[PDB]
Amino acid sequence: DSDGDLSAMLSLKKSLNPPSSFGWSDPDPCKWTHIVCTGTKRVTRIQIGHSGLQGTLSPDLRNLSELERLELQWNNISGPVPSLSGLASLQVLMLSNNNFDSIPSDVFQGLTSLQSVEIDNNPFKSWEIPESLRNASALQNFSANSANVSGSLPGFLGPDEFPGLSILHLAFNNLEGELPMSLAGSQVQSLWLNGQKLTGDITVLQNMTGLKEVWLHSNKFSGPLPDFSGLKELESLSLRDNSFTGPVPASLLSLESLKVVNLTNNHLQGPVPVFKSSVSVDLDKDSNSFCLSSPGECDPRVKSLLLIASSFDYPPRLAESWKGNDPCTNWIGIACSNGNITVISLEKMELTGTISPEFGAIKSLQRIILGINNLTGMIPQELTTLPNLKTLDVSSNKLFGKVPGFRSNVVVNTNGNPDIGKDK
């Protein structure tokens, strides 16, 4: 009630200790500068950003039951952020750019009206995004850049609990682990996750069709680029300084909405991408694994090997090795005679995926050695059309199906494939 608000405001004045000329002098805090109250003397707004404040924040803040907007940003307030639990009308919370040293796990408990949270640039002790946030079903904006956020990106941030989430900014924290698949379906429009140690692939982006701005640079993301054709509002895509593999997808190259793309410093393969003239492209020379230094089709041998790599799920070691346009110099697993590929030898490379029928297109092949990997599927019939093939070793994989009929002088070894001959 109004007496409770009066007491809480007096406690806040004491903790913050504002200057004598700040205007918190009247016996009725509803008459104080930068405070808004209802006609029945309930506090609804406290708006004292950029006010040079130096104290701490009283825990009695949580007693202001009708508080809607709390702005304390760009001061020098220290100590812990008090629990705000129970402030069911709090709609806007701005604490960015202060000196807060911690934020508690129950801080968002029962904050059902919360729409916008900004707590960037505070020297918080390490903390994880808390479960208490899950009651903010109308949450639209959550910003906590440079706030020492740790752990994984929690899956509860998906549309199942945050159907209105629009801005999620968590740059320059300590996040690790992979993107949770529960983000699928999210209507987030601006996503900042740059500048930490996130890993895994970014396939979940395919299911986030409201994205306009995606900043994932400076992480440890890997794997090939996903299908972008569904992201018809995507304007700004920053993927630089990661470990992405595979080619730049045509689905991205033809995306009409695209305005800015950053691809520098990855392990992207295939031909150099050509974007529309209107797109600002950040792609430093020699900062990926493209076959040429400028746009143009790759060498025929390279094209074949890249199809083979694709079927092997773009092996990370090959993405970093198979650079340039000459497979006969310094490529993992590749030997040549007079420029013709004679050996593809990738034993013990933890390969996944399947054996591409494109092996059959490399007519100079003498040895295909793929033993001790995690390959599945069948041995393609196309391999029997290799007239110089001497040895096919596919030992110790997870292959199945009938072995096609090879010439009677081809050495074939399927040792250690328990399902060879079985159908699946």
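The numbering used is simple: start at 1 and walk along the sequence shown.
Undergrad: Please compare 330 to 338 with 204 to 212 and name the stretch with the higher mean C-alpha B-factor in the deposited structure.
TA: Per the PDB entry, the higher value belongs to 204 to 212.
Undergrad: Between 48 to 56 and 383 to 391, which has the larger average Cα B-factor in the PDB entry?
TA: For C-alpha atoms only, the mean B-factor is higher in 48 to 56.
Undergrad: Could you check 291, 181, 171, 309 and tell me which one carries the biggest Cα B-factor in the deposited entry?
TA: Reading the PDB entry, the winner on C-alpha B-factor is 181.
Undergrad: Identify, among 192, 142, 244, 228, the residue whose C-alpha carries the highest B-factor in the deposited PDB entry.
TA: Of the options given, 228 has the highest CA B-factor in the PDB entry.
Undergrad: Test of reading the entry: by CA B factor among the chain's modelled residues, which third contains residue 96?
TA: Tercile = middle for this residue's CA B-factor.
Undergrad: Split into thirds by Cα B-factor across the chain's modelled residues, where does residue 61 land: lowest, middle or highest?
TA: For residue 61, whose C-alpha B-factor we compare with every modelled residue in the chain, the answer is the highest third.
Undergrad: Thinking about Cα B factors across the chain, which third does residue 74 belong to?
TA: Tercile = middle for this residue's CA B-factor.
Undergrad: Would you mind checking where the Cα B-factor of residue 275 ranks among the modelled residues of its chain, as the lowest, middle or highest third?
TA: Highest third of the chain for residue 275's C-alpha B-factor.
Undergrad: Considering every modelled residue of the chain and its Cα B-factor in the PDB entry, is residue 16 in the lowest, middle or highest third?
TA: It belongs to the highest third of the chain when residues are ordered by C-alpha B-factor.
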